[PDB]
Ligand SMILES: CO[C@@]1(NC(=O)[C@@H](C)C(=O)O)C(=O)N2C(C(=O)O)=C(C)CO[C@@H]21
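In structure tokens, one chain follows: the form deposited without the named molecule.
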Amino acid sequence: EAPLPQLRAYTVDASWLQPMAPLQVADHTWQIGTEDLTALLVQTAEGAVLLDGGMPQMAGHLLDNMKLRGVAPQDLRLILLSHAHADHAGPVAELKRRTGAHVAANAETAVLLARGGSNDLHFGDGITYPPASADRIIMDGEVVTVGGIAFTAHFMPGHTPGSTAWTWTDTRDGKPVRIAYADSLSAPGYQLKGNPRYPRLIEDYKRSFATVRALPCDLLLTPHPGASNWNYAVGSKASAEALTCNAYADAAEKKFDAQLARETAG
């Protein structure tokens, strides 16, 4: 007599959905997402690059901020992703339609993006979003160049099989600033041990800690700004407490090792 349950929406903290004006990270790099979701616009002489887009409903806000930066919709050349979950890749389909941008991603990110996050290794169908196609498949270490700005992929599987850190070198004053945009190193609610859908999950995480430790980095950013102790809401002091790559990886690994012991204990 009880009916089947209704579908539930992917609802998130209001701060994840709180718009912010563009916040400059370096000479050509801007945070244009929300207070608690990173979306990085990199502006070049030959068009703009977007790294991540946040939630699906953020598409219009992203275009507004791009316009504030002098970037028309057609000027967006490329979208890069940390990972293909709804809260970071949510608006990619709409953005492609409205900009003509291409998406570059590794094969794992591509196949998750192409099914809109459904059949997730850990979340099933609970966190879906409009599917999008990857236009260029990226390999570990491959360099993607737009307007003379070179973006290098560093695979860091774990949070998703396709999780990627992206590095590039901007400037601030006249000195180079090596930026590292590293994916999450958390395993929120994952079954870590003997996971049939991810048998080498622990090995991949362990390797990804070491990958993040060794990234070329003067300024680390993360898809959730709090993961690297950014505070987008405080303007020019936003980066003041930012973690190093070593401190970020160290903290992730201690959190991981605890969760692993607590899984052995229940």
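Residue indices: 1-based, along the sequence shown. In this text, the rigid core denotes the largest set of C-alpha atoms whose superposition between the two forms falls within 1.5 Å.
Put simply, when the other structures in 8 other deposited structures of this protein are lined up on the rigid core, the C-alpha atoms of 171 to 179 lie farther off than those of the other stretch, from 171 to 179 and 150 to 158.
For the pair 169 to 177 and 112 to 120, the mean Cα B-factor is higher in 169 to 177. Higher mean CA B-factor, judged across 193 to 201 and 229 to 237 from the recorded values: 229 to 237.
Remark: of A210, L221, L51, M66, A210 shows the highest value [criterion: C-alpha B-factor in the PDB entry]. Per-chain ranking of the deposited C-alpha B factor places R97 in the highest third. Among the modelled residues of its chain, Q43 has a C-alpha B-factor that falls in the middle third, as given in the PDB entry.
The deposited CA B-factor of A59 belongs to the middle third of values across its chain. Among the modelled residues of its chain, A21 has a C-alpha B-factor that falls in the middle third according to the deposited record. For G141, the recorded CA B-factor ranks within the middle third of the chain. Only modelled residues enter the ranking.
Another form exists, solved in complex with the named molecule; not displayed. Remarks below refer to it.
Transferring the named molecule from its position in the deposited bound form by superimposing the C-alphas around the site leaves no ligand atom within 2.4 angstroms of any backbone or C-beta atom here, which marks the site as open. Exactly one of the stretches 168 to 176, 145 to 153, 181 to 189, 73 to 81 approaches the named molecule in the deposited bound form with heavy atoms within 4.5 Å, and it is 181 to 189. Remark: all three candidate residues (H88, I127 and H159) come within 4.5 Å of the named molecule in the deposited bound form, counting heavy atoms only. Using a 4.5 angstroms limit between non-hydrogen atoms, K206 is distant from the named molecule in the deposited bound form. Put simply, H224 is close to the named molecule in the deposited bound form: some heavy atom of it is within 4.5 Å. Counting a residue when any of its non-hydrogen atoms is within 4.5 Å of the named molecule in the deposited bound form, the hits in 4 to 24 run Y10, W16.
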